[PDB]
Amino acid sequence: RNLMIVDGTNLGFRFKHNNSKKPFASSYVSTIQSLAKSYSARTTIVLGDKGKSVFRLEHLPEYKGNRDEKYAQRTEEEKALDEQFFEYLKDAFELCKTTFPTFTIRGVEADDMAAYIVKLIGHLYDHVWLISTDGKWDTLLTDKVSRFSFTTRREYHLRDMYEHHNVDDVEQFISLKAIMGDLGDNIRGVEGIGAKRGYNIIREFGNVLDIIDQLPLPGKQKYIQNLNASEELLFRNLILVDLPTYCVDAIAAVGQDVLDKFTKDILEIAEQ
């Protein structure tokens, strides 16, 4: 039997329809129930977002500032629609709590809770299914951990990493995100390096820690000059994007007692 971990705020956008004024709490819960059955999940854990990541803010005060800018620019009509949506989503979460173990921890990204759950209890299940449209959750893929995106309708598996992310494995994926940064979170990368040049450098030199150890790289191309100046950026970005390595620290950033209680609660759920 399997474990299913839901990126719950992320999933809620499947219910955002400007031409529907109706509540969706019931359909939200039902969708999760049907996904759990589809994926033979004996355990389902629903995660939700609750404020910006304290762990990441500490390293980067402009973290997700781009998201604030996006919402700031809304028209009066858009704001009204969004407020209705987000109130309906809050109601969907409340209903969810009565049915599934559902976690929100202020100042902790759902990404980090998911990474930690997989590390703590993933071994107790045949397969782990991650319900998220967020490609960064593919930092967690293994032969036993896969992802489903409602947006693309695709299942993401470790063996298809190159098709999906232009890298061959998770370690290269994490390195690539550190070099490239993450536009969605307002984390700048090395200017001039995208997936193609990033993959080439990784293939040649290894992971980001290996690359740092070899700087300066040769070449007078601007993007290499930029890479050569980016040791501190790369170390920082690695902390921000290497979900499996830093998930425990990210949770502990809002209190060690909180981490200890979450650990306890997750272990207990896996026995229920």
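Heads up: residue numbers just count along the shown sequence, starting at 1.
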Review point. Per the entry, where is the mean C-alpha temperature factor higher: 75-83 or 185-193?
Key: 75-83
Point to revise | 153-161 or 91-99, whichever carries the higher mean Cα B-factor | key: 91-99
Review point. Per the PDB entry, which option out of 53, 230, 27, 237 has the greatest Cα B factor?
Key: 27
Check your understanding: Based on what the PDB entry reports, which of 35, 217, 47, 243 has the top C-alpha B-factor?
Key -> 217
Practice item. Sort the modelled residues of this chain by their C-alpha B factor and say whether residue 248 lands in the lowest, middle or highest third. Key: middle
Study note, to complete from the structure: Sorting the chain's modelled residues by C-alpha B-factor and splitting them into thirds places residue 124 in the highest
Check your understanding: Taking the C-alpha B-factors as the PDB entry records them, is residue 203 in the lowest, middle or highest third of its chain?
Key -> highest
**Study point:** Where the record places residue 222 (Cα B-factor, split into thirds across the chain)
**Key:** highest
Check your understanding: Going by what the PDB entry lists, where does residue 16 fall on CA B-factor within its chain: lowest, middle or highest third?
Key -> lowest
